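Remarks on the structure that follows.
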Amino acid sequence: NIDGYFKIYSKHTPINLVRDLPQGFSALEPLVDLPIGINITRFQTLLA
Amino acid sequence: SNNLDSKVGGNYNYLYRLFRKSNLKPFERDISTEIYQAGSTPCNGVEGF
Amino acid sequence: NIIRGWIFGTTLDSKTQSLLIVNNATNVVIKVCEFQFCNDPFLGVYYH
Ligand SMILES: *[C@@H]1O[C@H](CO)[C@@H](O[C@@H]2O[C@H](CO)[C@@H](O)[C@H](O)[C@H]2NC(C)=O)[C@H](O)[C@H]1NC(C)=O
Ligand SMILES: *[C@@H]1O[C@H](CO)[C@@H](O[C@@H]2O[C@H](CO)[C@@H](O)[C@H](O)[C@H]2NC(C)=O)[C@H](O)[C@H]1NC(C)=O
């Protein structure tokens with residue numbers, strides 16, 4: 001969240017792992033940039 | 001814009017933020033209408049000293 | 001597809017604006033408003 005712009009970068013990769021964050025390297029591509037202009041100090045993820 | 005925006009009693013439909021705890025960041029926007037504390041006392045409800 | 005989105009903001013209870021990002025079953029939706037969010041916010045499914 002930089003100078004009112006909210007910047008999202010992301011990646012997807014296929015895996016076969018049971019209960020850990022996979023050991024390896026790959027970079028995230030810049031996905032979208034959103035001009036939202038609002039203080040963010042906290043966040044909360046939404047589960048199904 | 002005086003010929004568009006001005007009105008004889010005053011076009012009071014244009015508002016600015018007079019108070020803020022701290023100065024806002026580049027391209028930040030704040031839509032809170034909440035009461036500012038200038039005193040050392042806490043303040044609650046619609047108004048106070 | 002259990003993780004579906006995020007809240008970002010500061011007050012999270014409509015005293016200020018906040019950002020919603022959600023991937024619900026038909027579309028992604030992104031929205032910035034004075035939201036009153038839940039204490040335990042989620043999305044939910046009828047199973048089998
Ligand atoms: C964004 O919001 C946060 C939280 O409301 C602000 O930080 C607060 O600032 C006051 C004054 O320094 C402190 O008394 C609070 O404890 C702070 N809380 C937190 C979580 O930081 C922050 O200053 C705001 N940012 C901008 C740019 O307005
Ligand atoms: C996903 O959420 C969006 C809103 O975030 C829903 O879109 C609404 O759908 C109704 C019915 O077509 C419209 O009347 C509203 O105006 C729509 N609002 C928005 C913001 O899109 C959408 O229906 C949801 N999809 C599912 C499958 O639940």
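By convention here, the chains of the structure tokens are called A, B, ... in the order presented, each chain's residues are numbered starting at 1, and ligands are numbered starting at 1 in the order presented.
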Please write out the residues within 7 Å of ligand 1 as a ChimeraX atom specification, counting only C-alpha atoms and all ligand atoms.
/A:39-41 /B:21-25 /C:10-11
Output of the above residues as a PDB file, in the first residue's frame, restricted to C-alpha atoms:
ATOM      1  CA  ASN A  39      -5.050   3.898   5.322  1.00  0.00           C
ATOM      2  CA  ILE A  40      -4.466   0.137   5.814  1.00  0.00           C
ATOM      3  CA  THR A  41      -3.093  -0.872   9.172  1.00  0.00           C
TER       4      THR A  41
ATOM      5  CA  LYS B  21      -4.303  13.735  14.442  1.00  0.00           C
ATOM      6  CA  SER B  22      -1.481  13.539  11.834  1.00  0.00           C
ATOM      7  CA  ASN B  23      -0.917  14.743   8.245  1.00  0.00           C
ATOM      8  CA  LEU B  24      -2.177  12.300   5.543  1.00  0.00           C
ATOM      9  CA  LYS B  25       0.014  10.354   3.049  1.00  0.00           C
TER      10      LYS B  25
ATOM     11  CA  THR C  10      -7.852   0.272   9.851  1.00  0.00           C
ATOM     12  CA  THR C  11     -11.104   0.403  11.954  1.00  0.00           C
TER      13      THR C  11
END
Contacts from chain B to chain C, 8 Å maximum, only C-alpha atoms: show me the residue list as a PyMOL selection string.
chain B and resi 30-32+34
Test item: residues lying within 7 Å of ligand 2 with only C-alpha atoms and all ligand atoms, as JSON, numbers by chain:
{"C": [24, 25, 26, 27, 29]}
With C-alpha atoms kept, could you save the residues just selected as a PDB file, in the first residue's frame?
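What ended up in selection_23.pdb:
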ATOM      1  CA  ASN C  24     -16.874 -15.699  -4.644  1.00  0.00           C
ATOM      2  CA  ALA C  25     -18.116 -18.657  -6.644  1.00  0.00           C
ATOM      3  CA  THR C  26     -19.163 -16.740  -9.811  1.00  0.00           C
ATOM      4  CA  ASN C  27     -16.827 -13.777  -9.976  1.00  0.00           C
ATOM      5  CA  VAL C  29     -15.313  -8.595  -6.594  1.00  0.00           C
TER       6      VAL C  29
END
Using 6 Å as the limit and counting only C-alpha atoms, can you tabulate each residue of chain B that touches chain A, with its shortest atom-to-atom distance in Å and the two atoms involved, as CSV?
residue,atom,partner,partner_atom,distance
B:26,CA,A:3,CA,4.8
B:27,CA,A:4,CA,4.9
B:28,CA,A:37,CA,4.4
B:29,CA,A:37,CA,5.3
Enumerate as an NGL selection string the residues belonging to chain C that approach chain A to within 7 Å, with only C-alpha atoms taken into account.
:C and (2-10 or 17-18 or 32 or 41-44)
Let me see the file: selected residues, N, CA and C atoms, as a JSON list (two decimals), in the first residue's frame.
[["chain", "number", "residue", "atom", "x", "y", "z"],
["C", 2, "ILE", "N", -10.43, -23.01, -0.77],
["C", 2, "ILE", "CA", -10.86, -22.59, 0.57],
["C", 2, "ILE", "C", -10.57, -21.12, 0.86],
["C", 3, "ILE", "N", -9.36, -20.63, 0.58],
["C", 3, "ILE", "CA", -9.02, -19.22, 0.77],
["C", 3, "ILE", "C", -9.61, -18.43, -0.38],
["C", 4, "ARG", "N", -10.49, -17.48, -0.07],
["C", 4, "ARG", "CA", -11.16, -16.73, -1.14],
["C", 4, "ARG", "C", -10.97, -15.21, -1.17],
["C", 5, "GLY", "N", -10.32, -14.61, -0.18],
["C", 5, "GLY", "CA", -10.17, -13.16, -0.25],
["C", 5, "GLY", "C", -9.65, -12.56, 1.03],
["C", 6, "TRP", "N", -9.66, -11.24, 1.10],
["C", 6, "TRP", "CA", -9.13, -10.50, 2.22],
["C", 6, "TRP", "C", -9.95, -9.24, 2.46],
["C", 7, "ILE", "N", -9.97, -8.81, 3.71],
["C", 7, "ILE", "CA", -10.24, -7.45, 4.11],
["C", 7, "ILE", "C", -8.91, -6.75, 4.30],
["C", 8, "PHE", "N", -8.81, -5.49, 3.90],
["C", 8, "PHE", "CA", -7.76, -4.58, 4.36],
["C", 8, "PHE", "C", -8.40, -3.30, 4.88],
["C", 9, "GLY", "N", -7.85, -2.70, 5.93],
["C", 9, "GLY", "CA", -8.32, -1.40, 6.43],
["C", 9, "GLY", "C", -7.67, -1.01, 7.75],
["C", 10, "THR", "N", -8.34, -0.16, 8.53],
["C", 10, "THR", "CA", -7.85, 0.27, 9.85],
["C", 10, "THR", "C", -8.87, 0.00, 10.97],
["C", 17, "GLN", "N", -13.34, 4.12, 6.02],
["C", 17, "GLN", "CA", -13.33, 3.23, 4.86],
["C", 17, "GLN", "C", -12.44, 2.00, 5.09],
["C", 18, "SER", "N", -12.64, 0.98, 4.28],
["C", 18, "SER", "CA", -11.84, -0.23, 4.16],
["C", 18, "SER", "C", -12.02, -0.85, 2.77],
["C", 32, "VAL", "N", -14.35, -0.75, -2.16],
["C", 32, "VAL", "CA", -13.82, 0.13, -1.11],
["C", 32, "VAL", "C", -14.92, 1.03, -0.57],
["C", 41, "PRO", "N", -15.85, -13.22, 9.92],
["C", 41, "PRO", "CA", -16.30, -13.14, 8.54],
["C", 41, "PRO", "C", -15.85, -14.37, 7.73],
["C", 42, "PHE", "N", -16.74, -14.89, 6.88],
["C", 42, "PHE", "CA", -16.52, -16.09, 6.06],
["C", 42, "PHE", "C", -17.48, -16.18, 4.87],
["C", 43, "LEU", "N", -17.23, -17.12, 3.97],
["C", 43, "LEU", "CA", -18.12, -17.52, 2.88],
["C", 43, "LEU", "C", -18.42, -19.01, 3.06],
["C", 44, "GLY", "N", -19.59, -19.50, 2.69],
["C", 44, "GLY", "CA", -20.01, -20.86, 3.07],
["C", 44, "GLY", "C", -20.81, -21.61, 2.02]]
Please return, as a list in words, all residues of chain A that DSSP assigns to strand (DSSP E) on the basis of the backbone.
residues 6, 7, 8, 9, 10, 29, 30, 31, 32, 33, 34, 42, 43, 44, 45, 46 and 47 of chain A
What would the file look like if the residues just selected were written as a PDB file, in the first residue's frame with N, CA, C and O atoms?
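Printed below is part-v1.pdb as written:
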ATOM      1  N   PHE A   6      -2.694   0.521  -4.052  1.00  0.00           N
ATOM      2  CA  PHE A   6      -2.601  -0.822  -3.510  1.00  0.00           C
ATOM      3  C   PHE A   6      -2.172  -1.783  -4.619  1.00  0.00           C
ATOM      4  O   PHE A   6      -2.885  -1.995  -5.597  1.00  0.00           O
ATOM      5  N   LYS A   7      -0.969  -2.334  -4.491  1.00  0.00           N
ATOM      6  CA  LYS A   7      -0.273  -3.094  -5.527  1.00  0.00           C
ATOM      7  C   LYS A   7      -0.304  -4.567  -5.169  1.00  0.00           C
ATOM      8  O   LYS A   7       0.126  -4.936  -4.079  1.00  0.00           O
ATOM      9  N   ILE A   8      -0.791  -5.390  -6.090  1.00  0.00           N
ATOM     10  CA  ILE A   8      -0.887  -6.838  -5.936  1.00  0.00           C
ATOM     11  C   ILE A   8       0.038  -7.503  -6.956  1.00  0.00           C
ATOM     12  O   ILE A   8      -0.079  -7.285  -8.156  1.00  0.00           O
ATOM     13  N   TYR A   9       0.948  -8.344  -6.489  1.00  0.00           N
ATOM     14  CA  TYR A   9       1.787  -9.237  -7.294  1.00  0.00           C
ATOM     15  C   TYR A   9       1.408 -10.665  -6.927  1.00  0.00           C
ATOM     16  O   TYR A   9       1.092 -10.896  -5.766  1.00  0.00           O
ATOM     17  N   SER A  10       1.432 -11.628  -7.842  1.00  0.00           N
ATOM     18  CA  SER A  10       1.092 -13.010  -7.490  1.00  0.00           C
ATOM     19  C   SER A  10       1.685 -14.079  -8.410  1.00  0.00           C
ATOM     20  O   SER A  10       2.108 -13.800  -9.527  1.00  0.00           O
ATOM     21  N   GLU A  29       4.757 -12.318 -10.471  1.00  0.00           N
ATOM     22  CA  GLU A  29       4.490 -11.265 -11.460  1.00  0.00           C
ATOM     23  C   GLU A  29       3.554 -10.177 -10.907  1.00  0.00           C
ATOM     24  O   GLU A  29       2.674 -10.485 -10.110  1.00  0.00           O
ATOM     25  N   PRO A  30       3.695  -8.900 -11.299  1.00  0.00           N
ATOM     26  CA  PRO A  30       2.763  -7.849 -10.911  1.00  0.00           C
ATOM     27  C   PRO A  30       1.409  -8.083 -11.581  1.00  0.00           C
ATOM     28  O   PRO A  30       1.301  -8.068 -12.808  1.00  0.00           O
ATOM     29  N   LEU A  31       0.372  -8.287 -10.771  1.00  0.00           N
ATOM     30  CA  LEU A  31      -0.964  -8.651 -11.235  1.00  0.00           C
ATOM     31  C   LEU A  31      -1.830  -7.423 -11.516  1.00  0.00           C
ATOM     32  O   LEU A  31      -2.257  -7.224 -12.645  1.00  0.00           O
ATOM     33  N   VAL A  32      -2.061  -6.584 -10.507  1.00  0.00           N
ATOM     34  CA  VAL A  32      -2.902  -5.379 -10.601  1.00  0.00           C
ATOM     35  C   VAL A  32      -2.446  -4.283  -9.645  1.00  0.00           C
ATOM     36  O   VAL A  32      -1.762  -4.537  -8.654  1.00  0.00           O
ATOM     37  N   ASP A  33      -2.841  -3.050  -9.942  1.00  0.00           N
ATOM     38  CA  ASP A  33      -2.614  -1.867  -9.122  1.00  0.00           C
ATOM     39  C   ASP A  33      -3.930  -1.079  -8.997  1.00  0.00           C
ATOM     40  O   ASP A  33      -4.557  -0.744 -10.006  1.00  0.00           O
ATOM     41  N   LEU A  34      -4.366  -0.835  -7.756  1.00  0.00           N
ATOM     42  CA  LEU A  34      -5.684  -0.308  -7.396  1.00  0.00           C
ATOM     43  C   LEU A  34      -5.557   1.047  -6.673  1.00  0.00           C
ATOM     44  O   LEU A  34      -4.944   1.118  -5.611  1.00  0.00           O
ATOM     45  N   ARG A  42      -4.424  -2.918   9.240  1.00  0.00           N
ATOM     46  CA  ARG A  42      -4.827  -4.292   9.555  1.00  0.00           C
ATOM     47  C   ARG A  42      -5.452  -4.985   8.343  1.00  0.00           C
ATOM     48  O   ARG A  42      -5.889  -4.339   7.399  1.00  0.00           O
ATOM     49  N   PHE A  43      -5.503  -6.307   8.364  1.00  0.00           N
ATOM     50  CA  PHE A  43      -6.117  -7.131   7.331  1.00  0.00           C
ATOM     51  C   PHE A  43      -6.696  -8.416   7.929  1.00  0.00           C
ATOM     52  O   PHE A  43      -6.415  -8.722   9.082  1.00  0.00           O
ATOM     53  N   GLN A  44      -7.529  -9.143   7.191  1.00  0.00           N
ATOM     54  CA  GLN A  44      -8.174 -10.381   7.649  1.00  0.00           C
ATOM     55  C   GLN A  44      -8.554 -11.252   6.444  1.00  0.00           C
ATOM     56  O   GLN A  44      -9.275 -10.781   5.573  1.00  0.00           O
ATOM     57  N   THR A  45      -8.064 -12.488   6.328  1.00  0.00           N
ATOM     58  CA  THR A  45      -8.405 -13.354   5.183  1.00  0.00           C
ATOM     59  C   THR A  45      -9.738 -14.085   5.362  1.00  0.00           C
ATOM     60  O   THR A  45     -10.155 -14.376   6.482  1.00  0.00           O
ATOM     61  N   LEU A  46     -10.419 -14.374   4.258  1.00  0.00           N
ATOM     62  CA  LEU A  46     -11.773 -14.917   4.204  1.00  0.00           C
ATOM     63  C   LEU A  46     -11.736 -16.379   3.728  1.00  0.00           C
ATOM     64  O   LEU A  46     -11.400 -16.658   2.576  1.00  0.00           O
ATOM     65  N   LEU A  47     -12.090 -17.314   4.611  1.00  0.00           N
ATOM     66  CA  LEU A  47     -12.117 -18.753   4.331  1.00  0.00           C
ATOM     67  C   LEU A  47     -13.517 -19.219   3.895  1.00  0.00           C
ATOM     68  O   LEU A  47     -14.534 -18.632   4.269  1.00  0.00           O
TER      69      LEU A  47
END
How many Å separate atom CA of residue A:15 from atom CA of residue A:27?
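According to the coordinates, atom CA of residue A:15 and atom CA of residue A:27 are separated by 15.7 Å.
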If we count only C-alpha atoms, what is near residue B:40 at a cut-off of 12 Å, once residues fewer than 4 positions away on the same chain are taken out, given as a PyMOL selection string?
chain B and resi 36+48-49
